[PDB]
Every structure is written in C-alpha cells, then in structure tokens.
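Per full-length UniProt numbering, residue 290 is the first one in the sequence shown, and the count goes up by one each step. Beta carbons: idealized from backbone N, C-alpha and C, even for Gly. Written out below as structure tokens is the structure these notes cover.
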Amino acid sequence: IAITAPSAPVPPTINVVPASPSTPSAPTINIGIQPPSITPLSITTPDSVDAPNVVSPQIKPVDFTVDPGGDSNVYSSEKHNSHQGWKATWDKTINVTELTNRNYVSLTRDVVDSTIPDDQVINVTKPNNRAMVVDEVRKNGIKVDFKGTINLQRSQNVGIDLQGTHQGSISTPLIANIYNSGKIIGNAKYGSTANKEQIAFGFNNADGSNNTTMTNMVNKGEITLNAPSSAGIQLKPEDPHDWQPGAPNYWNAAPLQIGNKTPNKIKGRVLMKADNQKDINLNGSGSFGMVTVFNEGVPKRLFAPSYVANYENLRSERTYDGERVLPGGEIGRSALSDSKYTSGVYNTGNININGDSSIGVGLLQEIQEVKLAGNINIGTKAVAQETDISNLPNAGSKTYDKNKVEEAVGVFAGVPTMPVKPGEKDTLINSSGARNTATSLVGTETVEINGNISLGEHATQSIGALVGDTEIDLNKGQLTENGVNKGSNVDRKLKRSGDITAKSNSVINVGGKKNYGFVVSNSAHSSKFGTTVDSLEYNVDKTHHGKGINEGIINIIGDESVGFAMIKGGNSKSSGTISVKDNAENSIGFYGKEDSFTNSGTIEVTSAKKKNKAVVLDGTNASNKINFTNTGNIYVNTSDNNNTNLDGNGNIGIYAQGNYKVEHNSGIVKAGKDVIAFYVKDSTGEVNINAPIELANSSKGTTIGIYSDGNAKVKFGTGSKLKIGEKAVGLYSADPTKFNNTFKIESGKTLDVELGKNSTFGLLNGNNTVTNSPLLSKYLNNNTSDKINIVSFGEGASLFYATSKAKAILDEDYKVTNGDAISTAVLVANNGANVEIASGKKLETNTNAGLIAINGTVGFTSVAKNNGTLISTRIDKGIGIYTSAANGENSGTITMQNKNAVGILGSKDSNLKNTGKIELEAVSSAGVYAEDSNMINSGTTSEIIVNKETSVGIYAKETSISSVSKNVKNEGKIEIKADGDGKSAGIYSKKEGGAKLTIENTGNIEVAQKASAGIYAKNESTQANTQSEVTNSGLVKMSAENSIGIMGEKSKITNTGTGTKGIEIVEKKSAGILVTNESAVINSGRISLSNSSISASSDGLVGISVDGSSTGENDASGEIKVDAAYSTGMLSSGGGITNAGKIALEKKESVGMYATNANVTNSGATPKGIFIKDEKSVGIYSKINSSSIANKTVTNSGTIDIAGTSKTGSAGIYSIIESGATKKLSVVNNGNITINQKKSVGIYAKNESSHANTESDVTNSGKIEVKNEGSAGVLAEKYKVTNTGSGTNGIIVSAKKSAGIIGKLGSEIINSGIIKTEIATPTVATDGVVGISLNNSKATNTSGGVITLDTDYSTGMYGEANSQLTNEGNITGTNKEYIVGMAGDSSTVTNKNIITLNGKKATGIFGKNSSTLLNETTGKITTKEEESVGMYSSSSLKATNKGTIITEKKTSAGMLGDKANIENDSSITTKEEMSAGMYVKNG
C-alpha cells in the first residue's frame, strides 16, 4: 500500500570548442626563356703529303768534238774545185772515210755561193769524221738552203756544219743566215754494235779563231738522233790557251797532234749564236739538242803523253796579257747593240725530246745572253724505249722505262749568263790591248726563256728547268770560303751555280707524272776571282750566281708534279705564277728546306681543283743544321704586302716532319686568306712563334696561322703580337684525339690576341673519329698563369664549336666579357655530339647563353655531363645550358647571379638527368627547365635547393607537338632553404596538348620558407584528374609555417609512404593536400604530421583542403591519420567533400571533416566513414560567419563513430553559427552516427545570442546509436531541434540514465518523429531513461512526435529548479508498471495535453520535493489499465485541486496520498463497481 517513486539523475552539459584553422594561398609562378642562335661559321679540310721524293739526275759531259782536219788532198776546192764553192756535179755514192784517210769532200776559199738540191742521199761510213766539210767560208754573209739527205751511222760524226772565220773586225761582227731543208738522221744500231756521240750540228775548233767572229744558224729540215747521248746542236767557247796542232805539219798529220799552246789576250774569246727554226727530234737518251758545253778544252784524245804533263786545263781563273776572264771559259762581251751581233742561244722551232733521262737545253759556261722562244717538248712522242736506242743496260741500279721518259731535263743551269752591263767594259779588244766600251745593257741578266717549254705526257718525274750545280775540279790555286784564305789545303772545286728567269710568254707546260718543274738543286755556288791569279772566292751569295728568280708562268698540265723543289741552295726570289692548267691532283709548288726564299709574287690555286698543296718547309735535305733562317720576305697567299691573291684553298705555308722549327723574328709577315700557314704531322714537331704579326680580315673561308691534325708540339710565347678581325678562328681542329698535346702553354707566355666579330676559339668536328677526348682544361686553367688569354672580342662570337660527334672539355673558367646579345654563347653541341664538364670547372658567363646541344645525325646519344661549378651572370635571361633532341646531365654545382637567369634546359623529346646540387640564391630564376621532353633526379645527391623567393625549381611543359606521355621523376632530396613568405616552388608542370603527363616523386622534397610548396601543375582544360596526375611514393617534408603541401591541377594522388616516405608536416598553417580542379587522393599511407605536439595548443594543420572548383574525397582504402592536435583532415571551401575511406581521430581538438562555405557529404559506410578515437573533438564540424555568403549545409549518409566506456567530453555532430549572421547553416542526418561514448551529444549547435534561430536547423532523418549510459541525444541553446527520425531512424535512446532531448533557456524543442526509450527493463530500481530534461528553461512537447516509453521506471519529460514545463505532445507507454512520464523536483508544472498510459498502476504525473501544480482540467489523464491513478503527491506542502475526476475503469482511483495526512471536502461519483476516486494508505 506504500507506493513510492524513484528520482532521475542529473544530466551533464558539454562545451567543446575546437580550433578554427585557415586555408593557405598558392604562390604565383612562371618565368620566360630565350634561345640563342649560333654563328654560321666556315670549314676547311687539308690533308698530308705522301712522298715528294726528288731524285735529281746528274748532268754528263758531251765533249764529242771532231778533229778540224782542214782541207782534203783529193777534193780541195783550190786544186780540184777551182774555188767555185760547192761543185754541183759529184758522184751520188761518195764513200767518206774517217778523217785520217781524208776521203771527205772539202770546200775552202770560195767566191761563189753554192748549195745542194733535193735529190741527194749521203751516209757516213767511218767514225770521227765529216761526210763533207765547207770550211773557211767567210764570204761576208753566205746564204744557202741545203736540201740533200744526210745519214749518220758511226760515232763521233757530224751531219753537216758551217764553221766561223778567223777574219773580222771589232766594230763590225759578221752576219750570217744559213738554211738547211734536208733530212738528217742518226740511228741507234750498227749491226750488233752500240752507237753514241753522234752529233747533227755544232761548233768545235782546236786552233784559235777571231773573237769578233759572229754567226747565225737557221734550222730548216728534219733532225733525228737515235744514238744515246747524242748532240743536236753544240756550242762551245774556245780555249784561251789556244792550243795548236802539230806545227809545222799542223793539220797534215793523221791523227791530229796538238803540238803547241799560244795563250793570248785576243785568242780564245770567239762569239757564237745559234737558232732552231724547225723541228728537233731527239730519240737517243742522255743527249743534247742545243747545249753550250763547258770549255774544258779538248778531251785527252788530242793530249799526247808528251803534253799530258803540262795539262793546264780551264780549272782556274785565267789571265793573259792582262785579261780577267772568269775561270772555266767565257763568251766575249758585245758592244755593237743589235740582235744580229747578240752572241748566245735563242730558238723558235720545235725540240722533240723522247730519249730516257736527257737534257732539253743545257748551259755549261757563262755566255752573253740566253733567251728562248721556241717549242721545247720533252716526252710528247710515244716510243718503245730500247737498249742503245733510248736507254742503256742497267748497272745494278734503277731500271730505265720502255714507254715513258723519266729523269729527263729541259733547261739546265749550272752557270748563269753574264751580259754586258751599261757600265760593263766590252771585249772589243785590239791587238795592243786597245779596247772599246759599252753605254747600255744588252741581253738579260740570267737565263731567260720567252717560249713554250713543255713536258709530254710520257714525262715521268722529268725536269723542266734545272738550276743545279756544276762540280768541276780545280788546279793548285788560292782558296777562300766564308773566312780566311785557305792556302789550298781544302779541295779546290769549280763551285758554280746559275740563275734562270722566265716570262709569261714562256709557258712552262710541264706535263706527265710528278715531273720536277723548276728544281733549284744547286748550292747557290757563287764564285768570284780575287786580286791575283788563281784566286777563287765562294759564298751563298743571293745576288750574283746560283739563285732562283721566277717571273714567268709555270704551267702544271700534269698531276702531282713539283716546280720549285728545294733540296739545297738556300734562297731564291719568286715573283712568277705557277698554276695547274687542269683538275690535276696533289701538285706541290715549293719543297723548301733552307734559307728564306722571297715570295714577291702570287702562288695560289686559280682553279676549281683543290687538294694540291703550296709549300713544304721542313728540315734541310742536303745542308747542315736545317738552314731555315727564315726572316726574309714572307709574302704568300696573303691579301697585301707583295702578295695580293688568296684564291683557291688547301694552300699551306708550313709542312714539316722531324727536325724542323720556324724562326720568324724580324720584318713583317702577312698571313693568307682561306689559307692556313701551319700544318704538320708525326709526333715530334715543335714550333716557335714570337714575331709580331699583321693580319687583314679573313676571306669567305677562315684564316688561321696554326693548324695540325693534333700531332704537333706547337708552343706559344710572349712577343708574337697576334690579332684577328671579322670572322676568323683562334684554334681550328678536325681531329681532337691527339689534339690534347698540340699546344703546351707555359706560365708567363700569355698571348695577346684581339678579335672582331663572328669568331671562336674552338672549331671542332672530329671527323666522327674522336678516339680520345682532348683534356682541354689548360687554356684558362685557374691554377697558374699557364693559361692563354684572348679576351678582346666584339659581339656575336663563341668559344667552342662541336659538330660531327666531336668531343672536348671546357678548359676552366673562360669568359667573353664582350656581349650578351645574339650569336654570343659559350659553346654549342651540334650533329648529336657529346662533351664533358669536368668537376671544378668554373665557366662563369655574362653572355647570352652557355652550352647548347642539338642533334643532327645521331651517331652517339646526345648528352653532356656537368661536374663543375657552372654559373651565369647575364643581366637578363642568362641561360646555363640548353639541349634540343639531347639529354642533359649534371653532377656538380649550378647557381646563378643576375636576374632572369636560367640553369639547365631541355627540349625536343629528350630526358634530363640530375645528379648534382642546385641552389637558387638569385631571383627570377629557374634551375631546371623542360618542354616536350623527359627528366629525372638521379640519387639523393641530386639536390635541388632554393635560397631566395621569386624562383622555381623543376619546370616542365607539354604541348600538342607529341601526343605521347612524358614523365617527371625525382629520386634526390629537394630541400628549399629559401626566404620570404612564399614566391618559390619546387616542381611545376604544364600542358596544352591532347596527351597526358606522368609525374611521380620517389626522392625527398622540403621547403623552409613560408607560403611555399613543391608540387604544382597546370591541368586547367577539360579533363579528369588522371592525365597530368601526380602520384607520390616519395617523401614530402617541410620546415616553415603558413606554407602548403600538395598543390596542382586535376591530379590523383596516393600516399605511397612508409617510414621516411609520404607527407610530413610539423609546423603551423601548412596544409597537407590543397587541391584545385577536382583532385582526389588515396590516403592509405603516412599522413602522420606529428604537429602541435598532439596535445599542445601551439600549432594547427589540415590534412586535405579543397576549393570551389574541386571536390576532395578519400580512397576507400584511405587512412586519414590525426597525428596532431588542433588540426584537421578535411578542409572544405565552396566545393564538395565525400569520405569513402577510414577517418580516425587520435589527437585532441581535431576534426575529420571541416567545412567552410561548403557542403558536407558522407557516403563511406559499412564499414567506411568516420571513426573518432580521441576526445574533446567532433568527427565532422562546419561553421560559417557573417562574412560567409555561401548557403551550405551538412549531410550524413555514412558512418560517424565515437565510443567509450570511460571516454567523454565530445559530441557526434557539431556546427556553429556566429551571432548576428543570417546565413542559414543547417545539418541533416541520414547515416549512422554512434554515440557510445559517455556524456556526449549526437547533434550539437552552439549559440551566442537570442536572435531568431530560424537559420539554425537541427533535423535527424538518420539514426543515432545511444547505447552508452549517461549520454544525451541532442543539445542546443535557443536553437530549433526537429525530431524527424521515425522507427529505427532518429532517437534510438537505448541506455540507462541516458537523456533523449535537453534544451537551454528558451530552447525550441520540437517532436516530429519517434521518441522511443530503451526497450531493456532496468536491472535495478531508479535506473530508468529520460527523454526530456529541463533546468530553469522551457520545453515544448509536440503531438507531431510520438513519445514511446518501454523501460520500466523511465520518464518522458523531467524538470528541476523552478523549471516551467509545457506539455502539448502525445504520451505513450506500455507493458511496464508505474513508468510515470512526469517527474518533478522543486519546479512549477502546468499540464495542457491529455495523457494516456498502459501497464499496471500507470500514472501520468508524479510530484516531488515541495512541487506544486495548477491542476488544469484539460490536462486530464485517460485510464486504460485497471488500478491506475492520475495524480501523485509526495512530500509537497503545496497542493491545489479544483476539479472533479471521472472514473471509467475498474479499481481505478483519483487522488492518492503518499506518507502524509491531508484532509479536504470533495465528492466524486463512484457510479461504477470498485471505481472510486479516493483511497488511503494510512489508517
């Protein structure tokens, strides 16, 4: 009968206020690029010389004189012909015998001129004779024309001859003109006997004749000689000793005996002139056509043993009666100035030389004049060479040819010509020594030719014009050579050498094979006589004798023939052209070895043909100590200074091997154009250059003083003033494998060279044959002054030029402080070559560009490796190295100083390999730059560093040019130790094409300046986040707050990171993944930031942040790890957010999903979603402020979980609106949200003012798992709560002492759905459940929500501390006893709605603790179960009742007393059985 009631426990309150982080700002970016254009230089390619062996055949004596037998005793013109000249009638078969028998026809002392008609044929039967002799015919100008046929058969025979006369006068020399139209032939065989010394015409005499004798001969017939060593026309000076026959017998004795010598002033000085006016054909070998023999006197045949003892030969200077005749012989001086008294040699006809090793025209004694204007042909007639026909049996030596003529010579010079000078005193000498004079110059100074001298096609290494010596012995006489009198002792040799001059009228048409055009094989033997008899003085004189004076054209119609070839002799004066008439090959002009010959003339290649070389200067062949004392006139192939032609190419100035050097030390030297002075070979050749040079600007090609294939010991030294202007090149090379040792440079030998424009140190191709890379690190090496300094440049020039698979190394440091404009870059790699940058190299620059690489023919992979310190300091756009179709590699340090500087750049489908360290200490600069190519960072030593703001690291662009994917790879560490709050980035990606780009980082990236991040990409156009997507398997770390982690456009990311891999952020305000244009992420890996000391309020971070153009979402395997306090996983701004992975919360004051001005979505469910572990936090929380314009909300369709049997201090759903902000922030629940923690709240919203709460909205269309005791469903302060859950959705309150709905003062409590208590009956009394609880506030139950009570002793609404409770909603509860909905403790209660209940002894209202009730009748209670009462009073001094009670159920009562005694006066109808309104529990 003692009915009591329990008491509800006190509910908790929560105040969680998490952090308010912010979104960081992406930095601005982008830098331009400039490409350089290289200068289009020129090329030249020489080669070497094979074998210019100059074998010079020697001269041989031709002393083949016949005895002057005089008249005959059977046909004397006096006793048999009556002095009427030639007798017209004779026998056609006269058998002429030798001179001893005198069977020859003789004609002497005639007054009638006679000749021979055509019909004659005469042979010779014996040697040493004349078929017929026409002697002593002065006749003062005889003139006839011979027409008979003459034949030669034995040796020492004469075809026909007309000799001079002993009668004449000094002032009127004789004039002659003889014609000879006949045929003369000298054959090669006499049975089986050899034939030689057969002479056609000539001059010879034993006894003296008249000096004033002057004669002329005109050739008119056919001349043929087939005996080897024959003689066409012979000229001789007469003996000044004037040897005489055996007087008084004289010429009667047979053979002649020379019986006396009569030297005299006016004896032995005759004059002679010869002329060929027809065809001379020489078939014999080693012969003479027209030669001036040496005046040796006579062979010993006329020297009897009685007179061999007093054999005083012309082997000494000869003086008689006061004469001063030079040793060896002399032709007298002429003063009557006319060509008809000019005694010498001249020709107009033709000479046909075909015998092997023969002489065209020979000079053996000094004569008055030698000028030649005829046809000198050697080897132009094909003949089958045979023994004693045109060759001789070999003497164990060189074999003579059968079809070609070899060792043949044309002009032979062993002595010069000595004409009459204007001051010269003539030889017009009277008997008493009375002598005339001359007032002018007659004849040319030396050997002269004005006619065509030609070598035939059969000419093989034959000689055109030979300047040789003449080695003749001498008697016991005085000797003097370059010093004191020798007093004999040293051998006495007739040292004689001649000199030749030529004119363009004399075309030297040398032809055939390797023929020796004009070889000065002499020794320049210039000889003079002293003040006494037998006096001789010798020197190397370059004025008097033995020189080379060239003025004429030397026509090289054959191939690889040589002209002026130098074995010995010293100097010569060159002023005439030597040219190749055709496309002949390897023609060499100068084979020089000795004293400085002077080139006072041009020597070039005036033809399209090339590969023929100019001058070979090497060690002296036949004189001591390589006499290259070259300081004379050196004027070759240049554009000025005594040589104004530069035509052709392949011209050389120096060619040498072995013992050679150059010694230019005085005067002036002028270098050629498109010609190279130096080119040498082998491995031991040294060069000395110390003379200052003068240069003119280079030609269409390129000019350089020095070149070699890389194999010379060329040296530089101070003193040689060097200069360049306008498109020349300092160092030229086509073969760098050996070039490394070419130029040794010694300290202090700094060379001063100044340059114009379009120039370059290194021109290199390598000929695709670079076996060895030249270690070129010496020319401006930093160690010592063993450098070369060529600094004076204009603008538009380069340093090194690499083509054709060449290779070279930057020396050390070199700079060109002469312009940063176009065509001024350090070096260019062309045709796909490779160059190496050694470590420690310091090619600093201020110019336009550094290294440029471009591929032509591939050959070898286009790549250059950097190991040195490469820095640029150009004022604007200083680019370090560039590659096109070429791979860039570095392993050293690269920095930069000035603005807009650029490091390594690649393009055109290549890759970039980084191994070195790059630091960005400058501004407005990018280290590695790329476009339409690949790249990679190789190894952790590949270090990318930034030291200042306004600079970016990796830069790669893509386009529509190639639609194949590229890649951006990193294996090194990118630690950015920069400054400033931003303005710096590490890796940057661009695209405009239709392809896709792969970007992955496996190495490390770090940033130490604020507001900066490494990854950032351009993927703006219409595509998903998988084309320029960035995936990470590397490490993303940081060192400065306010910064950013992941940045970019349209990318998909995974956290492939374990250990020291992934993303690590330990400081403030540095978001992990901020995204633009819809980027997604896989969060399976390390997001362990370890920030804010996980318990300290010192930092604040965000895992992933999003913008309006993006929706941030996590992979289903995503593991978003809260390793920091006051941090966040999801930051949302404008765009959308959705979770598909796992989102935990391990640290304090964090949030998985935080949203600003954006909507919140969850799809991750079963078993995905949000799983909160730590406390003082909420899984998802979004807030907006007065400044927030976006009307956004929060949605739930996933799993949000936090649980705890001892954890508390948190809430399920959180969202705040700041006071005064009418922005309508709301939350909707439709997912799973477990609240199994202690004292938590499913949905929380905080208020700051009593404003109109229509903006804040709280609806629960989903489910809340209230299974943990003591917690609360939802709390709010002056906000609107709508219980929109129905059935298993919404208010699932299933815990003991737990609370469904509680509100603060003036809270808008609304019920519009299910309100179902815990189904489980309490395990102990008073352990019921409460739905509504109040504390000095107001609550509004609404009938729109159904309130269901199933826990025993549970309550629907609860109130305390003067709380005013308003009831308007439905009340339901069944299957349990008591379960009073209304329990009150010290409060004012008003009832408005009618209450219904089920269960035994169910009661609607229960009052406790001095509580009082107004007792409104409308708040009545409907009784459904038996023994149920409506009112309950317990421990209440105040009680008011003014209404009747209607009972309609059995055992049901009205008023009920509890442990008290109060009496009143009221009556209530008890019409039903046992249904009365009153009963008492106390007696």
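C-beta atoms of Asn493 and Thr354 nearer than 8 Å: yes
3 or more residues per run - each beta strand (DSSP E) lying fully within the segment 1313-1396: 1319-1321, 1333-1335, 1341-1343, 1360-1364, 1369-1371, 1391-1395
Beta-carbon proximity check, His455 vs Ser498, cutoff 8 Å: yes
Identity of the residues DSSP links to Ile1621 by a beta bridge: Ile1590, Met1646
Residue environment, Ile1250, which counts as buried when at least 16 other CB atoms sit within 10 Å: exposed
Opposing strand residues paired with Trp532 [DSSP bridges]: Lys550
Element boundaries [beta strand (DSSP E), containing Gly1195]: Looking at the DSSP string, the run of the beta strand (DSSP E) that includes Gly1195 is 1191-1196.
Beta-bridge partners of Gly1458, as assigned by DSSP: For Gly1458, which the question treats as bridged, DSSP gives the partners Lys1431.
Exposed unless 16 or more other CB atoms sit within 10 angstroms - verdict on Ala1444: Counting the other Cβ atoms within 10 Å of the Cβ of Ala1444 gives 16 or more, which makes it buried.
Per-residue DSSP class, three states only, for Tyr596: helix
Three-way DSSP call (helix, strand, coil) for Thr1679 in this model: strand
Given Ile789 as reference, the closest of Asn778, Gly841, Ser1560 once Cα atoms are compared: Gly841
Integer Cβ distance of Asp360 from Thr397, believed to fall under 8 Å: Rounded to whole angstroms, the Cβ separation of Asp360 and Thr397 is 5 Å, and the two are in contact under 8 Å.
Simplified DSSP state of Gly1531, which is helix, strand or coil: Three-state result, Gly1531: strand.
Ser345 beta carbon less than 8 Å from that of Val809: Cβ distance not < 8 Å, so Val809 and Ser345 don't count as in contact.
Span of the beta strand (DSSP E) around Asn1203: Run containing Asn1203: 1201-1203, per the beta strand (DSSP E) assignment.
Segment contact flag, the segment 319-338 with the segment 1447-1462, C-beta cutoff 8 Å, min 3 pairs: no
Beta-carbon spacing of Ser623, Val709 below 8 Å: yes
Rounded C-alpha distance that separates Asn1187 from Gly1139: 15 Å
In DSSP terms, what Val1563 is bridged to: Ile1532, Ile1590
Ranges of the beta strand (DSSP E) found wholly within the segment 360-441, counting only runs of at least 3: 394-396, 421-423, 438-441
Buried or exposed (CB count within 10 angstroms, at least 16 for buried), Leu1201: buried
Assigned exposure category for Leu388 - 16 Cβ within 10 Å defines buried: buried
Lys1033, DSSP secondary structure in three states: strand
Unbroken beta strand (DSSP E) run spanning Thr820, endpoints: Where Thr820 is concerned, there is no enclosing beta strand (DSSP E), given that its DSSP letter is neither H nor E.
Check whether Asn1156 and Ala1127 have beta carbons under 8 Å apart: yes
Sub-8 Å separation of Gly1361 and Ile1354 beta-carbons: yes
Expected contact under 8 Å - CB spacing of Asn1474 and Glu1507 to nearest Å: The Cβ separation is near 5 Å, so the contact holds.
3-residue-minimum beta strand (DSSP E) runs that sit fully inside the segment 1040-1069, ordered along the chain: 1049-1053
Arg724, DSSP secondary structure in three states: Judged by DSSP in its simplified three-state form, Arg724 adopts strand.
CB contact flag (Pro616, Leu783, <8 Å): yes
Reference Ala1274; option with closest CA among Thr317, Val299, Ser309, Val306: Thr317
Bounding residues of the beta strand (DSSP E) (the contiguous stretch that carries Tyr1218): 1214-1220
DSSP state of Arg590 mapped onto helix, strand, coil: Helix at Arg590.
Those residues which DSSP pairs with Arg1163 across a bridge: The partner list for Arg1163 (beta bridge, DSSP) is empty, contrary to what the question assumes.
Close Cβ partners of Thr1007 (< 6 Å) along its chain, the five nearest in sequence each way excluded: Once the five neighbours on either side are set aside, the close Cβ partners of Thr1007 are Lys1038.
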